[PDB]
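J.: Structure supplied as protein-v2.tsv; contents: TSV, C-alpha atoms and all ligand atoms.
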chain	number	residue	atom	x	y	z
P	1	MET	CA	-7.06	8.63	29.67
P	2	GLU	CA	-4.84	5.75	30.83
P	3	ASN	CA	-7.03	3.72	28.47
P	4	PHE	CA	-4.95	4.67	25.43
P	5	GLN	CA	-1.41	3.97	24.27
P	6	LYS	CA	0.02	6.84	22.20
P	7	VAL	CA	1.48	5.62	18.89
P	8	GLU	CA	2.75	8.67	16.98
P	9	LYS	CA	2.37	12.43	16.68
P	10	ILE	CA	-0.17	12.42	13.86
P	11	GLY	CA	-0.53	16.20	13.81
P	12	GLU	CA	-0.28	19.56	15.56
P	13	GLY	CA	-3.52	21.53	15.29
P	14	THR	CA	-4.34	24.98	16.66
P	15	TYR	CA	-6.29	23.55	19.59
P	16	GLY	CA	-3.52	21.13	20.47
P	17	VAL	CA	-1.33	18.22	19.42
P	18	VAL	CA	-2.85	15.09	17.83
P	19	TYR	CA	-1.71	11.52	18.45
P	20	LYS	CA	-2.60	8.16	16.96
P	21	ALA	CA	-3.80	5.98	19.84
P	22	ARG	CA	-4.83	2.40	20.59
P	23	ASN	CA	-7.72	1.96	23.02
P	24	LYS	CA	-6.11	-0.58	25.37
P	25	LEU	CA	-9.48	-2.32	25.78
P	26	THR	CA	-11.36	-2.56	22.47
P	27	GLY	CA	-8.00	-2.22	20.74
P	28	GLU	CA	-9.63	0.24	18.34
P	29	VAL	CA	-7.41	2.86	16.70
P	30	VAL	CA	-8.39	6.46	17.27
P	31	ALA	CA	-7.05	9.98	16.81
P	32	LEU	CA	-6.35	11.43	20.24
P	33	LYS	CA	-6.59	15.22	20.43
P	34	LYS	CA	-5.21	16.67	23.65
P	35	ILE	CA	-6.39	20.27	24.14
P	44	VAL	CA	-11.74	24.54	30.12
P	45	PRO	CA	-14.92	26.63	30.45
P	46	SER	CA	-18.07	24.54	30.91
P	47	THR	CA	-19.44	26.40	27.90
P	48	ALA	CA	-16.90	24.64	25.70
P	49	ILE	CA	-17.74	21.29	27.30
P	50	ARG	CA	-21.46	21.59	26.50
P	51	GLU	CA	-20.42	22.70	23.03
P	52	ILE	CA	-17.92	20.00	22.15
P	53	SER	CA	-20.34	17.53	23.77
P	54	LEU	CA	-23.31	18.42	21.58
P	55	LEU	CA	-21.07	17.52	18.64
P	56	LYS	CA	-20.94	13.91	19.82
P	57	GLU	CA	-24.43	13.50	18.39
P	58	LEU	CA	-23.65	15.20	15.08
P	59	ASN	CA	-22.83	12.04	13.14
P	60	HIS	CA	-22.52	11.79	9.36
P	61	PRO	CA	-20.50	9.52	7.03
P	62	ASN	CA	-18.63	12.60	5.82
P	63	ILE	CA	-17.90	14.01	9.25
P	64	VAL	CA	-14.99	12.61	11.24
P	65	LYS	CA	-16.83	10.88	14.07
P	66	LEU	CA	-16.16	12.34	17.52
P	67	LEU	CA	-16.05	9.10	19.54
P	68	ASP	CA	-15.67	10.58	23.03
P	69	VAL	CA	-14.59	13.52	25.20
P	70	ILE	CA	-12.25	13.15	28.17
P	71	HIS	CA	-11.95	16.01	30.66
P	72	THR	CA	-9.53	14.90	33.37
P	73	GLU	CA	-7.84	17.34	35.75
P	74	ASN	CA	-8.61	20.29	33.46
P	75	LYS	CA	-7.07	18.48	30.46
P	76	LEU	CA	-9.35	18.13	27.44
P	77	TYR	CA	-8.82	15.01	25.32
P	78	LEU	CA	-10.95	14.54	22.20
P	79	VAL	CA	-11.23	11.05	20.71
P	80	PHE	CA	-12.06	10.85	17.02
P	81	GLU	CA	-12.31	7.93	14.62
P	82	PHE	CA	-9.00	7.47	12.81
P	83	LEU	CA	-8.31	8.02	9.08
P	84	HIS	CA	-4.88	7.36	7.52
P	85	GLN	CA	-4.44	10.50	5.50
P	86	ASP	CA	-5.45	14.10	5.04
P	87	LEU	CA	-6.04	15.85	1.72
P	88	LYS	CA	-3.05	18.15	2.09
P	89	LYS	CA	-0.79	15.09	2.14
P	90	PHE	CA	-2.62	13.31	-0.70
P	91	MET	CA	-2.51	16.54	-2.68
P	92	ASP	CA	1.27	16.75	-2.18
P	93	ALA	CA	1.56	13.05	-3.08
P	94	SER	CA	-0.40	13.74	-6.28
P	95	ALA	CA	1.70	16.80	-7.15
P	96	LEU	CA	3.18	15.45	-10.39
P	97	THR	CA	-0.04	14.10	-11.92
P	98	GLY	CA	-2.73	15.80	-9.88
P	99	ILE	CA	-5.98	14.31	-8.64
P	100	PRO	CA	-8.24	12.87	-11.41
P	101	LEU	CA	-11.27	15.09	-12.02
P	102	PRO	CA	-13.67	12.24	-11.16
P	103	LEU	CA	-12.07	12.05	-7.71
P	104	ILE	CA	-12.09	15.82	-7.23
P	105	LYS	CA	-15.78	15.96	-8.10
P	106	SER	CA	-16.57	13.07	-5.72
P	107	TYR	CA	-14.72	14.67	-2.80
P	108	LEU	CA	-16.37	18.08	-3.23
P	109	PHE	CA	-19.74	16.35	-3.52
P	110	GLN	CA	-19.19	14.48	-0.23
P	111	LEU	CA	-17.79	17.57	1.48
P	112	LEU	CA	-20.80	19.56	0.31
P	113	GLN	CA	-22.83	16.71	1.80
P	114	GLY	CA	-21.09	16.96	5.15
P	115	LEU	CA	-21.50	20.72	5.10
P	116	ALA	CA	-25.21	20.62	4.23
P	117	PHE	CA	-25.71	18.32	7.26
P	118	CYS	CA	-23.78	20.48	9.72
P	119	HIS	CA	-25.30	23.68	8.39
P	120	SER	CA	-28.85	22.32	8.61
P	121	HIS	CA	-28.15	21.80	12.33
P	122	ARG	CA	-26.79	25.36	12.53
P	123	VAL	CA	-23.17	24.27	13.04
P	124	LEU	CA	-20.24	25.83	11.22
P	125	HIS	CA	-16.66	24.63	10.89
P	126	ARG	CA	-15.26	28.16	10.57
P	127	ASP	CA	-11.80	26.89	9.65
P	128	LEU	CA	-11.79	24.34	6.82
P	129	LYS	CA	-8.40	23.61	5.25
P	130	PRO	CA	-6.79	20.67	3.40
P	131	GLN	CA	-5.25	19.39	6.63
P	132	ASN	CA	-8.77	19.12	8.12
P	133	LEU	CA	-10.18	16.84	5.42
P	134	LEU	CA	-9.41	13.14	5.92
P	135	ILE	CA	-9.58	10.34	3.38
P	136	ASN	CA	-9.74	6.56	3.55
P	137	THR	CA	-8.96	3.96	0.89
P	138	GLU	CA	-12.71	3.55	0.31
P	139	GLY	CA	-12.91	6.81	-1.63
P	140	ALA	CA	-14.45	8.58	1.34
P	141	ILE	CA	-13.54	12.11	2.43
P	142	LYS	CA	-14.52	13.52	5.85
P	143	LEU	CA	-14.52	16.87	7.66
P	144	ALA	CA	-12.36	16.89	10.80
P	145	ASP	CA	-12.34	19.31	13.78
P	146	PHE	CA	-15.88	20.41	13.01
P	147	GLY	CA	-17.56	22.91	15.33
P	148	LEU	CA	-14.39	23.03	17.42
P	149	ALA	CA	-13.87	26.71	16.53
P	150	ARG	CA	-17.04	28.00	18.18
P	151	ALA	CA	-16.61	25.54	21.05
P	152	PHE	CA	-13.40	27.47	21.82
P	153	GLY	CA	-11.86	30.20	19.65
P	154	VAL	CA	-9.27	30.95	16.97
P	155	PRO	CA	-6.61	33.69	17.38
P	156	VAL	CA	-3.93	34.82	14.91
P	157	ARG	CA	-1.62	32.46	16.76
P	158	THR	CA	-1.77	29.78	19.46
P	159	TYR	CA	0.20	27.81	22.07
P	160	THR	CA	1.47	25.39	19.41
P	161	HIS	CA	4.07	28.11	18.83
P	162	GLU	CA	2.96	27.97	15.19
P	163	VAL	CA	1.33	30.12	12.50
P	164	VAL	CA	-2.30	30.09	11.45
P	165	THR	CA	-3.34	29.78	7.81
P	166	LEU	CA	-5.71	32.42	6.45
P	167	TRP	CA	-5.52	31.03	2.91
P	168	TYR	CA	-9.06	29.69	3.26
P	169	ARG	CA	-10.62	32.54	5.26
P	170	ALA	CA	-13.71	34.21	3.70
P	171	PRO	CA	-13.53	37.99	3.13
P	172	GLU	CA	-16.32	38.84	5.61
P	173	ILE	CA	-14.19	37.40	8.41
P	174	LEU	CA	-11.11	39.30	7.21
P	175	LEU	CA	-13.19	42.48	6.95
P	176	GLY	CA	-14.31	42.45	10.58
P	177	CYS	CA	-17.73	40.77	10.39
P	178	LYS	CA	-18.40	39.28	13.84
P	179	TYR	CA	-21.60	37.46	12.98
P	180	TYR	CA	-20.63	35.46	9.91
P	181	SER	CA	-22.64	32.46	8.72
P	182	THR	CA	-22.39	29.02	7.16
P	183	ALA	CA	-21.31	30.79	3.95
P	184	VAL	CA	-17.72	31.00	5.26
P	185	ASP	CA	-17.47	27.23	4.99
P	186	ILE	CA	-18.56	27.39	1.34
P	187	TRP	CA	-15.91	30.05	0.57
P	188	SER	CA	-13.29	27.83	2.20
P	189	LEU	CA	-14.45	24.75	0.28
P	190	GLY	CA	-14.33	26.80	-2.92
P	191	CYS	CA	-10.66	27.58	-2.26
P	192	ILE	CA	-9.88	23.94	-1.57
P	193	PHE	CA	-11.78	22.97	-4.74
P	194	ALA	CA	-9.70	25.37	-6.82
P	195	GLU	CA	-6.57	24.02	-5.09
P	196	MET	CA	-7.42	20.43	-5.97
P	197	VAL	CA	-7.76	21.49	-9.60
P	198	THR	CA	-4.69	23.71	-9.96
P	199	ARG	CA	-2.43	21.90	-7.49
P	200	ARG	CA	-1.63	25.32	-6.06
P	201	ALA	CA	-3.25	27.39	-3.30
P	202	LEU	CA	-5.72	29.95	-4.62
P	203	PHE	CA	-5.02	32.83	-2.18
P	204	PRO	CA	-1.88	31.92	-0.16
P	205	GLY	CA	-1.74	35.16	1.83
P	206	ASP	CA	0.88	35.64	4.53
P	207	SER	CA	-0.95	38.31	6.55
P	208	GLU	CA	-4.56	39.47	6.76
P	209	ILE	CA	-3.99	42.37	4.43
P	210	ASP	CA	-2.01	40.29	1.97
P	211	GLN	CA	-4.74	37.65	2.18
P	212	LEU	CA	-7.42	40.20	1.48
P	213	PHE	CA	-5.41	41.77	-1.33
P	214	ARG	CA	-4.72	38.49	-3.09
P	215	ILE	CA	-8.49	37.95	-3.06
P	216	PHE	CA	-8.93	41.50	-4.38
P	217	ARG	CA	-6.42	41.05	-7.22
P	218	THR	CA	-8.27	37.97	-8.42
P	219	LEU	CA	-11.98	38.62	-7.83
P	220	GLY	CA	-11.78	42.42	-7.90
P	221	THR	CA	-11.96	44.95	-5.07
P	222	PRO	CA	-15.48	44.64	-3.73
P	223	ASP	CA	-17.74	47.66	-3.53
P	224	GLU	CA	-21.38	48.42	-2.84
P	225	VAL	CA	-22.16	47.19	-6.34
P	226	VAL	CA	-21.20	43.55	-5.95
P	227	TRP	CA	-21.38	43.52	-2.16
P	228	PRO	CA	-24.07	45.74	-0.59
P	229	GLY	CA	-22.93	47.00	2.79
P	230	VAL	CA	-19.28	46.05	2.29
P	231	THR	CA	-18.08	49.61	2.98
P	232	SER	CA	-19.87	49.51	6.36
P	233	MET	CA	-17.72	46.53	7.36
P	234	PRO	CA	-15.45	47.23	10.38
P	235	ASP	CA	-12.08	46.70	8.65
P	236	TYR	CA	-13.11	48.15	5.31
P	237	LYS	CA	-10.89	50.98	4.18
P	238	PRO	CA	-12.09	53.35	1.42
P	239	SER	CA	-8.38	53.38	0.64
P	240	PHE	CA	-8.13	49.77	-0.62
P	241	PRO	CA	-6.53	49.64	-4.09
P	242	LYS	CA	-9.17	49.31	-6.80
P	243	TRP	CA	-8.37	46.04	-8.64
P	244	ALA	CA	-10.28	44.83	-11.69
P	245	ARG	CA	-11.88	41.39	-11.68
P	246	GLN	CA	-9.78	38.78	-13.50
P	247	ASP	CA	-11.67	36.32	-15.71
P	248	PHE	CA	-12.27	32.99	-13.94
P	249	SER	CA	-10.97	31.10	-16.98
P	250	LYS	CA	-7.53	32.27	-15.90
P	251	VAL	CA	-8.08	31.18	-12.29
P	252	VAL	CA	-8.88	27.46	-12.37
P	253	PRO	CA	-7.74	26.02	-15.69
P	254	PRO	CA	-8.43	23.53	-17.03
P	255	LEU	CA	-11.59	23.03	-14.94
P	256	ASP	CA	-14.61	22.86	-17.29
P	257	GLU	CA	-17.42	25.42	-17.58
P	258	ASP	CA	-19.69	23.61	-15.09
P	259	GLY	CA	-17.02	23.59	-12.41
P	260	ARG	CA	-15.97	27.19	-13.00
P	261	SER	CA	-19.62	28.11	-12.63
P	262	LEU	CA	-19.91	26.27	-9.32
P	263	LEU	CA	-16.65	27.77	-8.07
P	264	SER	CA	-17.63	31.35	-8.94
P	265	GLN	CA	-20.84	30.90	-6.98
P	266	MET	CA	-18.92	29.54	-3.98
P	267	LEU	CA	-16.67	32.58	-4.18
P	268	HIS	CA	-19.24	35.38	-4.38
P	269	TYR	CA	-18.24	38.32	-2.20
P	270	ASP	CA	-21.75	38.74	-0.84
P	271	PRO	CA	-22.24	35.97	1.72
P	272	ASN	CA	-25.96	36.18	1.06
P	273	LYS	CA	-25.38	35.65	-2.67
P	274	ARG	CA	-22.87	32.86	-2.06
P	275	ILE	CA	-24.25	29.43	-2.98
P	276	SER	CA	-25.41	27.15	-0.12
P	277	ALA	CA	-24.13	23.57	0.41
P	278	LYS	CA	-27.55	22.09	-0.24
P	279	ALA	CA	-28.00	24.05	-3.45
P	280	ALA	CA	-24.47	23.22	-4.62
P	281	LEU	CA	-25.43	19.56	-4.46
P	282	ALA	CA	-27.91	20.17	-7.29
P	283	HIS	CA	-25.44	21.92	-9.57
P	284	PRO	CA	-25.03	20.51	-13.11
P	285	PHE	CA	-21.33	20.00	-12.30
P	286	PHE	CA	-22.27	16.90	-10.29
P	287	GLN	CA	-24.62	15.65	-12.96
P	288	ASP	CA	-22.18	12.87	-13.80
P	289	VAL	CA	-20.82	12.38	-10.28
P	290	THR	CA	-19.36	9.03	-9.24
P	291	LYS	CA	-17.29	7.55	-6.43
P	292	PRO	CA	-13.84	6.38	-7.59
P	293	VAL	CA	-11.21	4.95	-5.23
P	294	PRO	CA	-7.96	6.80	-4.62
P	295	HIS	CA	-4.55	5.19	-4.66
P	296	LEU	CA	-3.08	5.86	-1.23
P	297	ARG	CA	0.34	4.97	0.10
P	298	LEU	CA	0.05	4.24	3.82
P	301	LIG	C1	-6.00	18.20	12.84
P	301	LIG	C2	-6.80	16.94	12.99
P	301	LIG	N1	-7.94	16.76	13.71
P	301	LIG	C3	-8.37	15.42	13.58
P	301	LIG	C4	-9.67	15.00	14.32
P	301	LIG	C5	-7.54	14.59	12.78
P	301	LIG	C6	-7.51	13.22	12.35
P	301	LIG	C7	-8.48	12.19	12.69
P	301	LIG	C8	-8.21	10.92	12.12
P	301	LIG	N2	-7.13	10.64	11.31
P	301	LIG	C9	-6.27	11.60	11.03
P	301	LIG	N3	-5.15	11.26	10.18
P	301	LIG	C10	-3.93	11.81	9.55
P	301	LIG	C11	-3.03	10.94	8.72
P	301	LIG	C12	-1.84	11.48	8.13
P	301	LIG	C13	-1.50	12.88	8.34
P	301	LIG	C14	-0.15	13.49	7.73
P	301	LIG	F1	0.42	14.34	8.70
P	301	LIG	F2	0.76	12.46	7.42
P	301	LIG	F3	-0.46	14.23	6.57
P	301	LIG	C15	-2.39	13.72	9.14
P	301	LIG	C16	-3.57	13.19	9.72
P	301	LIG	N4	-6.44	12.84	11.53
P	301	LIG	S1	-6.18	15.61	12.17
Would you mind writing the structure in this file as structure tokens?
Ligand SMILES: Cc1nc(C)c(-c2ccnc(Nc3ccc(C(F)(F)F)cc3)n2)s1
T.:
Amino acid sequence: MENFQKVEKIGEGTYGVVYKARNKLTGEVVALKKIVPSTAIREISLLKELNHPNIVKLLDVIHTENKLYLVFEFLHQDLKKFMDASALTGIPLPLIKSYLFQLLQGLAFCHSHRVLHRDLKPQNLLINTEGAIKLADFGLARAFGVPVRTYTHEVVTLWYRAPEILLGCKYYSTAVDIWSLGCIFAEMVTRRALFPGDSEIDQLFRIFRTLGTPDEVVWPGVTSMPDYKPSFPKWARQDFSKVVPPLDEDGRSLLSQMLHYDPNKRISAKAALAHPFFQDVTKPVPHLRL
């Protein structure tokens, strides 16, 4: 670990704090994540081989005196920040479509290898000036865990949590990542969080008010779910046209499929790549201020 020279507190994730570091030898710039059971070690170590242009490369893993340091390739900005920096004008559709396409690409890769992110969010998507967007902290949720809180003396964000997780499902699948990406997608379009809940019940109810209270009709087995309460208010489904304006019909169609209540009905990353919405997909360059 004495091989790096901390440069600045780049972040403060749920696993631990993140610093920008300079490998004293190669001089390469990396993102140093200081965070353990051997199980985790095998887990976060298998990730070292999961490489993809849209996945933030996990350079190395340093476990010294029960201190877990994760070294990732460095990117100068996350989407949350770019999104805030594009607040007045918003991100150009072409760029939105390119980012989702690449993210769907990263997801398809991870999912084909049976790896889930489990906690996608704007702060976990990093961009470079090349017009590239990558998934950060991938597979780090299973490798460890994810409580309502943490040591960072901070609050978790459930804004992007799929309903099956909120309803008590313990064996959720890759479909939770698609739900999360759907929320981010809607957020890139509206420049406003889709379901900014402040508690699990508020989170679930904001979803309910927009997509309608799920029942056995649209979600077979939903009432069997652990945290399902026959007493949930019965909300009507609000037309999607009112959810993500002014996204066009192709996008609203893709989004609605990424937000299906039934995980099994929810569109897969691989299948989303063949959606008409990306028929005219390109790769524009963003304008970043570093
Ligand atoms: C949480 C994170 N986990 C990883 C692996 C992260 C990472 C890896 C490489 N680069 C970056 N860059 C970055 C750049 C700017 C910001 C901020 F805070 F200004 F928005 C936040 C993050 N972050 S952030």
J.: Closest to ligand LIG 301 (chain P) among P:163, P:134, P:189, P:55, using all atoms listed in the file?
T.: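 Of the candidates, the smallest distance to ligand LIG 301 (chain P) is held by P:134.
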J.: With 7 Å as the cut-off and all atoms listed in the file counted, what is the closest atom pair between each nearby residue of chain P and ligand LIG 301 (chain P)? Distances in Å to one decimal, ordered by chain and number, as CSV.
T.:
residue,atom,partner,partner_atom,distance
P:10,CA,P:LIG301,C15,5.4
P:11,CA,P:LIG301,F1,5.5
P:12,CA,P:LIG301,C1,6.5
P:13,CA,P:LIG301,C1,4.8
P:18,CA,P:LIG301,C2,6.5
P:30,CA,P:LIG301,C8,6.8
P:31,CA,P:LIG301,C7,4.9
P:33,CA,P:LIG301,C4,6.8
P:64,CA,P:LIG301,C4,6.6
P:80,CA,P:LIG301,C4,5.5
P:81,CA,P:LIG301,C8,5.7
P:82,CA,P:LIG301,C8,3.6
P:83,CA,P:LIG301,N2,3.6
P:84,CA,P:LIG301,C11,4.2
P:85,CA,P:LIG301,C11,3.5
P:86,CA,P:LIG301,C16,5.1
P:88,CA,P:LIG301,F3,6.5
P:89,CA,P:LIG301,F3,4.5
P:131,CA,P:LIG301,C1,6.4
P:132,CA,P:LIG301,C1,5.5
P:134,CA,P:LIG301,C9,6.2
P:144,CA,P:LIG301,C4,4.8
P:145,CA,P:LIG301,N1,5.1
J.: With a distance cut-off of 12 Å and all atoms listed in the file, select the neighbouring residues of residue 148 in chain P, excluding the residue or stretch itself and same-chain residues fewer than 5 positions from it, and output the selection as a list in words.
T.: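 Final neighbour list, sorted by chain and number: residues 13, 14, 15, 16, 33, 35, 48, 49, 50, 51, 52, 53, 54, 55, 56, 66, 78, 123, 124, 125, 126, 127, 128, 132, 143, 153 and 154 of chain P.
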J.: Restricting the calculation to all atoms listed in the file, which member of P:25, P:118, P:197, P:175 is positioned closest to residue 95 in chain P?
T.: P:197
J.: Find the nearest atom pair between each residue of range 111-172 of chain P and range 252-275 of chain P for residues within 12 Å, count only C-alpha atoms, give distances in Å to one decimal, sort rows by chain and ascending number, and present the table as JSON lines.
T.:
{"residue": "P:112", "atom": "CA", "partner": "P:275", "partner_atom": "CA", "distance": 11.0}
{"residue": "P:116", "atom": "CA", "partner": "P:275", "partner_atom": "CA", "distance": 11.4}
{"residue": "P:168", "atom": "CA", "partner": "P:267", "partner_atom": "CA", "distance": 11.0}
{"residue": "P:169", "atom": "CA", "partner": "P:267", "partner_atom": "CA", "distance": 11.2}
{"residue": "P:170", "atom": "CA", "partner": "P:269", "partner_atom": "CA", "distance": 8.5}
{"residue": "P:171", "atom": "CA", "partner": "P:269", "partner_atom": "CA", "distance": 7.1}
{"residue": "P:172", "atom": "CA", "partner": "P:271", "partner_atom": "CA", "distance": 7.6}
J.: Quote the spacing between CA of residue 99 in chain P and CA of residue 247 in chain P in Å to one decimal place.
T.: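 Computing the Euclidean distance for CA of residue 99 in chain P and CA of residue 247 in chain P yields 23.8 Å.
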J.: For the atom pair CA of residue 298 in chain P and CA of residue 7 in chain P, what is the interatomic distance in Å to one decimal place?
T.: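 We find that CA of residue 298 in chain P and CA of residue 7 in chain P lie 15.2 Å from each other.
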J.: In Å, rounded to a single decimal, give me how far CA of residue 105 in chain P is from CA of residue 279 in chain P.
T.: 15.4 Å
J.: Calculated over all atoms listed in the file, which of the candidates P:200, P:167, P:230, P:185 has the smallest distance to residue 94 in chain P?
T.: P:200
J.: Smallest atom-to-atom distance to residue 191 in chain P: which of P:34, P:178, P:245, P:129, using all atoms listed in the file?
T.: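 Among P:34, P:178, P:245, P:129, it is P:129 that comes nearest to residue 191 in chain P.
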